[PDB]
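I have placed the structure first, in the form of structure tokens, so that the comments after it can refer back to it.
Just so it is clear, none of the values below were taken in a lab; they were calculated from the coordinates. Backbone-built Cβ (ideal geometry, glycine too); neighbour counts: all protein chains shown.
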Amino acid sequence: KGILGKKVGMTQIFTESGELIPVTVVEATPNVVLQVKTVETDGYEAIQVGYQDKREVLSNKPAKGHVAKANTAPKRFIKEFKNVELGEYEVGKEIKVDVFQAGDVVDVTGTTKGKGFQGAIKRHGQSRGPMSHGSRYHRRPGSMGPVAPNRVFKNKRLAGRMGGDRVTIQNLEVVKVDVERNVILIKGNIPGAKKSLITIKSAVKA
Amino acid sequence: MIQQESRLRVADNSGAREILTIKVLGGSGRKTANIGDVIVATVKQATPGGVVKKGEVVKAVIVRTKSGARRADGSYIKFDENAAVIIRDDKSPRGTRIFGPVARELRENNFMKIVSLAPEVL
Amino acid sequence: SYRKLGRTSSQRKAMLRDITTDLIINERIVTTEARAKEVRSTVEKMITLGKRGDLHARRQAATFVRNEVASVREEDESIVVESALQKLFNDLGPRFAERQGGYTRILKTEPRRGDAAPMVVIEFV
Amino acid sequence: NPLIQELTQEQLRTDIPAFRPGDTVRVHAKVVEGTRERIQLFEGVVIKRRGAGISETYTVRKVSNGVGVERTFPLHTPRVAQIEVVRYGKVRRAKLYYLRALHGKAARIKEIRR
Amino acid sequence: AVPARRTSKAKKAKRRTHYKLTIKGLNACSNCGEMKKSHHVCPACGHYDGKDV
RNA sequence: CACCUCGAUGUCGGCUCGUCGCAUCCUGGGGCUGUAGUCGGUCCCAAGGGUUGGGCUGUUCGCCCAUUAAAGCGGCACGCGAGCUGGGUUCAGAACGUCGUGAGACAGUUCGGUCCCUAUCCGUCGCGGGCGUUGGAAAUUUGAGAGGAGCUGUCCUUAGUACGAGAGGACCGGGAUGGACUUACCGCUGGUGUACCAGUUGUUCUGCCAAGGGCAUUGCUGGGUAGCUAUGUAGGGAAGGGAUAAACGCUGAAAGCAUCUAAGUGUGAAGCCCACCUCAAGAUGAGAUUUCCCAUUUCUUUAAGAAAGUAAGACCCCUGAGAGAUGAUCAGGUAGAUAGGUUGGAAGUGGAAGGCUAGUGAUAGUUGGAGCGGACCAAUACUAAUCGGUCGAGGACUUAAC
RNA sequence: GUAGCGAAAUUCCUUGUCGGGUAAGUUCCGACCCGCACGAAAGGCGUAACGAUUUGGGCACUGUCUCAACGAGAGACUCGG
RNA sequence: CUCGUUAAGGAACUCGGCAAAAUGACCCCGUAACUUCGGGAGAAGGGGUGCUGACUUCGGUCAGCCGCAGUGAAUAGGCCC
RNA sequence: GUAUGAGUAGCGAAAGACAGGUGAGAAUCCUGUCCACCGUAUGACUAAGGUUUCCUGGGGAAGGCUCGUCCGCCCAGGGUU
RNA sequence: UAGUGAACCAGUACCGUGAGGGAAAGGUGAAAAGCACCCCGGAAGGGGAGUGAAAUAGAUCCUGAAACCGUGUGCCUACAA
Ligand SMILES: [K+]
Ligand SMILES: [K+]
Ligand SMILES: [K+]
Ligand SMILES: [K+]
Ligand SMILES: [K+]
Ligand SMILES: [K+]
Ligand SMILES: [K+]
Ligand SMILES: [K+]
Ligand SMILES: [K+]
Ligand SMILES: [K+]
Ligand SMILES: [K+]
Ligand SMILES: [K+]
Ligand SMILES: [K+]
Ligand SMILES: [K+]
Ligand SMILES: [K+]
Ligand SMILES: [K+]
Ligand SMILES: [K+]
Ligand SMILES: [K+]
Ligand SMILES: [K+]
Ligand SMILES: [K+]
Ligand SMILES: [K+]
Ligand SMILES: [K+]
Ligand SMILES: [K+]
Ligand SMILES: [K+]
Ligand SMILES: [K+]
Ligand SMILES: [K+]
Ligand SMILES: [K+]
Ligand SMILES: [K+]
Ligand SMILES: [K+]
Ligand SMILES: [Mg+2]
Ligand SMILES: [Mg+2]
Ligand SMILES: [Mg+2]
Ligand SMILES: [Mg+2]
Ligand SMILES: [Mg+2]
Ligand SMILES: [Mg+2]
Ligand SMILES: [Mg+2]
Ligand SMILES: [Mg+2]
Ligand SMILES: [Mg+2]
Ligand SMILES: [Mg+2]
Ligand SMILES: [Mg+2]
Ligand SMILES: [Mg+2]
Ligand SMILES: [Mg+2]
Ligand SMILES: [Mg+2]
Ligand SMILES: [Mg+2]
Ligand SMILES: [Mg+2]
Ligand SMILES: [Mg+2]
Ligand SMILES: [Mg+2]
Ligand SMILES: [Mg+2]
Ligand SMILES: [Mg+2]
Ligand SMILES: [Mg+2]
Ligand SMILES: [Mg+2]
Ligand SMILES: [Mg+2]
Ligand SMILES: [Mg+2]
Ligand SMILES: [Mg+2]
Ligand SMILES: [Mg+2]
Ligand SMILES: [Mg+2]
Ligand SMILES: [Mg+2]
Ligand SMILES: [Mg+2]
Ligand SMILES: [Mg+2]
Ligand SMILES: [Mg+2]
Ligand SMILES: [Mg+2]
Ligand SMILES: [Mg+2]
Ligand SMILES: [Mg+2]
Ligand SMILES: [Mg+2]
Ligand SMILES: [Mg+2]
Ligand SMILES: [Mg+2]
Ligand SMILES: [Mg+2]
Ligand SMILES: [Mg+2]
Ligand SMILES: [Mg+2]
Ligand SMILES: [Mg+2]
Ligand SMILES: [Zn+2]
């Protein structure tokens with residue numbers, strides 16, 4: 001089981017017993033199965049799913065031709081789902097938030113918000129140097145290694161571009177499903193900026 | 001958030017007035033202690049006639065903090081000072097009377113005697 | 001957000017006030033890209049105050065517009081001087097009474113010689 | 001944001017009285033010590049109101065046994081049976097943090113009788 | 001830190017490979033036909049989008 | 001010992017950053033035991049992870065205090081000073097004890113004592129351009145390979161059972177909940193929030209009152225939106241296979257017995273390979289699937305020839321942010337909600353101005369939850385994304401089969 | 001080698017021993033004296049006031065630190081000289 | 001690099017509280033050991049500070065009013081053993 | 001003499017903005033308005049020192065850390081009773 | 001780059017308080033016949049047209065090497081240490 005949606009935002013919800021939990025609102029307009037991949041043709045089993053209808057002027061002739069089989073408008077996002085029952089799906093089929101039930105345990109995949117160019121202290125959570133006592137070492141990345149190699153070992157972590165990484169959060173709880181609004185309320189927080197792509201899958205660990 | 005060198009008032013009549021945190025028990029690298037945590041402390045200032053006296057190493061439980069606690073219902077409690085109660089090893093308070101309010105979290109931490117003795121539990 | 005224009009907060013505020021008053025007076029001025037893209041919002045908000053026209057908007061604008069001479073004319077055999085605030089609340093407001101925002105336009109021109117700074121003309125429509 | 005508002009409109013409460021910081025309130029807060037459930041009244045002055053919609057929260061401060069205590073509640077928490085405005089106070093600001101420093105007479109708030 | 005070795009001509013030219021200018025966005029002015037930067041007022045006739053300014 | 005370095009290889013300790021060995025501190029597995037149980041002792045396998053906060057001292061070391069499952073030992077120029085410090089050692093000053101007739105001297109002490117360098121190359125962390133991947137493009141993808149993670153406490157139950165005379169007190173098994181670490185995020189608690197709101201002092205200006213502007217660290221002070229944030233919140237190291245280490249075997253001869261081994265066959269660990277997460281076809285071994293365009297013109301030449309209009313498409317340029325040093329990425333360019341403005345809201349602040357009333361007055365009430373309102377929300381083509389331009393295929397050969 | 005002082009700007013052994021201070025003090029203060037190697041004008045002992053002197057303790061205060069976060073400006077970054 | 005703010009803690013940093021923070025103006029009360037009797041001493045520790053009236057012996061006092069805060073900003077000792 | 005570093009470091013405390021003029025050419029020159037800075041000075045006089053840098057009219061070779069139509073620069077005249 | 005330091009306005013310029021120290025810098029052409037005139041340009045500088053035996057002898061002027069820089073391309077080069 002899987003679906004693609006948009007990170008609408010965050011709020012909080014009161015559950016039965018009065019507990020208050022933070023939830024993330026993720027909207028998922030019904031996704032469409034655009035292509036079925038099989039061992040015979042592609043060598044592996046998976047279903048291609050498209051989401052977020054896209055304006056024709058924003059689409060291309062190749063994209064329109066590709067989505068023609070499913071007979072649907074151009075989709076902004078396309079992703080492949082594995083570990084699904086190929087029998088249950090076929091091109092043109094729709095997938096909605098109702099596929100999940102409240103209390104489901106899911107893996108949520110997103111693209112982390114970007115922080116641009118960041119130093120080692122923030123990027124890797126390394127320790128600063130003393131800020132007084134004559135120290136002239138405040139936010140620097142530490143020694144690069146021993147003398148003997150006459151080089152620097154790989155993985156000597158340094159400053160650079162931070163964020164924008166594919167990150168999966170495992171075992172999040174499906175707080176609520178609103179089929180009317182195509183909304184899923186997921187307990188906790190999820191990676192990605194608002195309006196970014198989010199992928200929900202049935203938790204592999206469970 | 002109580003850590004080493006943090007000073008706390010004493011909310012009981014055991015004799016001690018102000019204590020200084022020596023250790024935050026419950027872990028090798030634990031840094032901060034909150035309501036319901038037990039700390040090793042030293043008596044820095046003591047009431048002259050009290051049982052507990054200055055310079056003794058004692059165990060105490062935190063009963064209220066400036067940074068208080070969050071409840072499962074989403075509410076919060078905060079106090080205007082950081083106070084603790086000196087306890088024997090079995091959580092029985094050394095003193096006989098408690099001063100000021102106490103947090104309700106001590107109940108699930110099983111400081112029932114302190115909870116009962118407290119003039120008010122919140 | 002808003003641009004810093006390479007100035008401190010107070011200096012940027014003063015520069016924006018100066019440029020906005022100059023644009024009110026002259027109705028067409030040449031500046032840089034960023035200066036134009038900030039002055040558009042500032043001057044349009046001043047125009048909104050003028051369109052409102054009440055004393056509250058008058059004083060709110062007065063807090064921003066410079067006390068400069070917008071124009072001088074010979075009338076009733078005497079000289080009449082109109083300040084930037086008076087022009088704002090007498091001409092620009094009534095002029096734009098029917099326009100729903102977007103009172104200014106920016107046209108991109110050649111870059112400056114001394115800097116290659118991208119220059120533009122900002123003017124009331 | 002409109003979607004969030006629509007989602008949380010259902011759980012928004014409707015029995016909240018009109019109170020602002022500076023008003024003394026009594027909070028019938030449900031409390032459970034096991035199987036038994038009970039109502040404990042926390043009465044004090046409102047020191048802070050913040051947030052919006054379902055996320056709105058308010059803080060009530062009272063001096064009990066000579067020790068200040070502040071409780072923060074979600075405005076729409078179902079665990080609070082009732083909020084009762086005992087009095088209205090004249091305050092000149094939304095956040096009354098300065099009261100934390102004051103004690104006794106200095107902390108008194110004049111009443112307005114709205 | 002100083003150059004251990006002088007940079008050779010070939011290496012210098014390689015490094016300068018990307019040290020060059022570009023001229024982009026030039027197209028015929030609709031009014032007079034003289035070339036102009038797109039989205040800019042034509043410096044020759046002063047027109048833009050078919051209007052003198 | 002004196003082999004490199006005295007036309008200079010920076011010396012103790014500490015900080016940041018680690019990485020590696022196992023002669024293993026804990027955690028994991030096991031044999032023996034002077035192993036009743038709980039604790040242990042010793043030895044074998046095991047380096048996956050972790051292996052602390054202070055007082056003293058320049059210190060290493062060491063003692064001590066308090067914890068922890070544990071508080072390992074070592075190499076890497078006794079790692080790491082073009083990464084930091086400079087307390088000690090080791091200049092010039094001065095002093096004490098001592099030696100010396102003396103200048104002076106003392107691994108004898110004490111107070112004070114300049115730590116320079118704009119990264120060329122390799123190396124490391126990130127981001128682009130070109131070409132290749134053999135017609136040209138738009139997407140989705142397998143995974144050769146690589147990296148990340150790998151820790152553990154306590155309590156309840158089994159059970160006061162097994163064991164033990166008693167005291168005491170389990171293995172295995174099943175649950176709950178933490179510490180440290182770590183991946184994300186701003187709904188909550190808070191921080192910040194220099195073009196948000198309010199109070200206020202001095203002075204100065206708008207001719208004066210009123211109302212405001214300038215400067216005084218944002219003049220100061222009380223709050224605070226978005227964004228960025230931890231101490232705040234959520235999640236993770238879960239189960240599980242394959243082959244193994246030490247160890248234990250089963251069957252079994254050599255060697256009628258015995259024997260775990262020689263053949264044959266199995267159990268067996270935080271260990272190895274998977275399993276979990278991430279990058280990944282420049283993996284030149286350049287992979288795979290779906291979709292789109294179509295075989296054009298001229299000259300040369302049988303040329304895998306050349307250039308010149310193109311198609312699918314891409315870019316230039318322009319409006320921007322959820323992106324960003326710049327490139328890039330992504331959202332849009334009137335086939336339009338991309339941004340500004342406008343309208344309506346929201347957070348936020350806390351009751352605007354001008355009046356009215358009361359008061360001698362400061363001031364209070366009322367008009368009125370008012371006024372103002374950066375980044376937030378929804379509409380609105382009013383302003384600006386116009387007009388245009390550039391690049392971009394016609395698909396080689398051999399041999400199976402058809 | 002007297003008075004006085006003494007593990008001291010002098011005590012190597014040495015973190016001497018004891019007490020105070022601290023949860024814990026090789027530093028510090030008080031005391032002892034086997035003064036390696038104090039000692040009376042290269043002065044001995046003490047001393048109010050004074051010291052940008054050296055040393056130890058305490059209150060207040062704080063990012064110094066647990067442990068880092070945000071914001072303003074200059075440089076760094078892009079462009080023209 | 002210069003500067004502002006910072007939850008909880010408040011020297012746990014460190015060779016060392018280095019740096020930073022805090023005190024800081026005037027008026028009133030009060031002020032220790034020791035002392036060379038001068039000092040210590042601005043010891044320490046506290047209280048007041050705005051605006052409007054009335055009254056003042058002109059320094060005050062009484063009453064009222066406002067704010068979180070009245071040397072409302074800037075410039076002004078940290079203290080003790 | 002010419003390279004490399006490299007079109008890199010640096011361009012030496014701080015507020016300018018617009019309109020008009022001049023001109024081959026203007027962020028840099030003139031004018032105007034507003035804004036901002038010093039004001040026991042960044043104001044007004046003088047000694048030393050410098051020695052024409054003073055004024056007027058031209059110039060943009062070189063200098064001015066950019067530009068320059070401008071200058072304490074260059075060219076021509078004048079100026080100290 | 002020799003030869004006096006000085007073949008040239010040299011003990012000069014410059015440096016130093018002073019004693020003192022102390023440079024660089026020759027060559028058009030036979031003859032200036034030193035490019036009238038035209039074109040671009042504000043000028044500089046160029047292109048013509050001319051002088052000249054020669055102007056790639058045009059005043060930085062005889063010859064004009066090398067370092068260094070640039071233009072065009074016959075061949076090679078984007079799996080290589
Ligand atoms: K040497
Ligand atoms: K054993
Ligand atoms: K290990
Ligand atoms: K230490
Ligand atoms: K090591
Ligand atoms: K160094
Ligand atoms: K090299
Ligand atoms: K804040
Ligand atoms: K004022
Ligand atoms: K001013
Ligand atoms: K490929
Ligand atoms: K009003
Ligand atoms: K409001
Ligand atoms: K002694
Ligand atoms: K001695
Ligand atoms: K002791
Ligand atoms: K002294
Ligand atoms: K001194
Ligand atoms: K700070
Ligand atoms: K610390
Ligand atoms: K020390
Ligand atoms: K004193
Ligand atoms: K007051
Ligand atoms: K003072
Ligand atoms: K050079
Ligand atoms: K160079
Ligand atoms: K001139
Ligand atoms: K010649
Ligand atoms: K060549
Ligand atoms: Mg640290
Ligand atoms: Mg090597
Ligand atoms: Mg200011
Ligand atoms: Mg103006
Ligand atoms: Mg509110
Ligand atoms: Mg020999
Ligand atoms: Mg050498
Ligand atoms: Mg071993
Ligand atoms: Mg200490
Ligand atoms: Mg070393
Ligand atoms: Mg080094
Ligand atoms: Mg002698
Ligand atoms: Mg000194
Ligand atoms: Mg938040
Ligand atoms: Mg928010
Ligand atoms: Mg006034
Ligand atoms: Mg929108
Ligand atoms: Mg001693
Ligand atoms: Mg002792
Ligand atoms: Mg002597
Ligand atoms: Mg003598
Ligand atoms: Mg003496
Ligand atoms: Mg440049
Ligand atoms: Mg703080
Ligand atoms: Mg605080
Ligand atoms: Mg310490
Ligand atoms: Mg330490
Ligand atoms: Mg200091
Ligand atoms: Mg003040
Ligand atoms: Mg460089
Ligand atoms: Mg300058
Ligand atoms: Mg001033
Ligand atoms: Mg002054
Ligand atoms: Mg002059
Ligand atoms: Mg002149
Ligand atoms: Mg110049
Ligand atoms: Mg000579
Ligand atoms: Mg020749
Ligand atoms: Mg020649
Ligand atoms: Mg290869
Ligand atoms: Mg090749
Ligand atoms: Zn034109």
Enter the Cα centre distance for the pair segment A:109-124 and segment D:55-76, rounded to the nearest angstrom.
-> 37
In a Gaussian network model of chain D with springs linking alpha carbons closer than 10 Å, the residue among D:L12, D:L41, D:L102 that fluctuates most is D:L102
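Please identify the longest segment of chain B free of exposed GluC sites (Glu not before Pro), where exposed means a DSSP state other than H, G, I, E or B and no more than 15 other Cβ atoms within 10 Å. Write down the numbers at each step before the final one.
Numbers: sites that count: B:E5, B:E56, B:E81, B:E120.
With GluC sites (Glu not before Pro) excluded where exposed in loops, chain B gives B:6-55 as its longest stretch.
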More than 17 angstrom apart: percent of Cα pairs within chain D = 59
Rounded to two decimals, the Rg over Rh value of chain B from Cα coordinates and the Kirkwood Rh reads 0.94
Along the three principal axes, how long is the protein assembly as shown when you take its alpha carbons, biggest first, rounded to the nearest angstrom?
-> 102, 93, 68
If you count the DSSP beta bridges with both ends in chain B, what percent of them are antiparallel, to the nearest 5?
-> 90
Given the options B:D80, B:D90, B:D12, which has the most mean-square fluctuation in a GNM of chain B, springs set between C-alpha atoms less than 10 angstrom apart?
-> B:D90
One finds the C-alpha centres of segment C:73-125 and segment B:33-81 to be spaced, in Å, by 68
Ordered by number, the trypsin sites (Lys or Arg not before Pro) in chain E that occupy a DSSP loop and have at most 15 other Cβ atoms within 10 Å are E:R5, E:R6, E:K20, E:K24
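From the helices alone, meaning DSSP H stretches of at least four residues, give me the mean residue ellipticity at 222 nm for chain C, per-run term -39500 (n - 2.57), in deg cm²/dmol to the nearest 500.
Values: 5 runs with 54 residues, N = 125.
Theoretical 222 nm ellipticity from helices: -13000 deg cm²/dmol.
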Across A:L185, A:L20, A:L34, the residue with the highest GNM fluctuation in chain A (Cα network, 10 Å cutoff) is A:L20
When the helices in chain A are scored as -39500 (n - 2.57) per DSSP H run of 4 or longer and the sum is shared across all residues, what 222 nm value do you end up with, to the nearest 500 deg cm²/dmol?
-> -1500 deg cm²/dmol
Within straight-line cross-link reach of B:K53, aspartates and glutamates at Cα separation under 15 Å, skipping those fewer than 8 residues along the same chain = B:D12, B:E18
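Can you give the calculated 222 nm mean residue ellipticity of chain B, where each DSSP H run of n ≥ 4 adds -39,500 (n - 2.57) and the sum is split over every residue, rounded to the nearest 500 deg cm²/dmol? Show your work: numbers first, answer last.
Working: 2 runs with 10 residues, N = 122.
So the calculated ellipticity at 222 nm is -1500 deg cm²/dmol.
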From the C-alpha gyration tensor of segment A:18-88, pull out the three semi-axes of the equivalent ellipsoid (sqrt of 5λ each), sorted largest to smallest, in whole Å.
-> 27, 21, 8
Classify segment A:127-167 as rounded, prolate or oblate from the Cα gyration tensor: take a ≥ b ≥ c as the square roots of its eigenvalues, call it rounded if a/c is under 1.5, otherwise prolate when a/b beats b/c and oblate if not.
-> oblate
Within segment D:35-81, which trypsin sites (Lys or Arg not before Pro) sit in a loop by DSSP and count at most 14 neighbouring Cβ atoms inside 10 Å?
-> D:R36
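Let me check I have the definition right: for chain A, take the eigenvalues of the Cα gyration tensor, multiply each by 5, take square roots. What are those semi-axes in whole Å, largest first?
On the way: eigenvalues 323, 118, 56 Å².
Those come to 40, 24, 17 Å.
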Residue order, fewest to most beta carbons within 10 Å, for A:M131, B:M1, A:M10 = A:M131, B:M1, A:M10
What's the average, rounded to a whole number, of partner chain beta-carbon atoms within 10 Å of each residue's beta-carbon in B:64-73?
-> 4
Please name which of C:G53, C:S10, C:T31 has its Cα lying farthest along the dipole of segment C:10-125 towards the positive end, using unit charges on Cβ (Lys, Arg +1; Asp, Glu -1) and the Cα centre as origin.
-> C:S10
With Cα atoms, 0 to 90° folded angle of helix C:9-26 axis to chain C main axis | 60
Segment C:18-125: chymotrypsin sites (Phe, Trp or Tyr not before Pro) falling in loop per DSSP and having at most 13 other Cβ within 10 Å = none
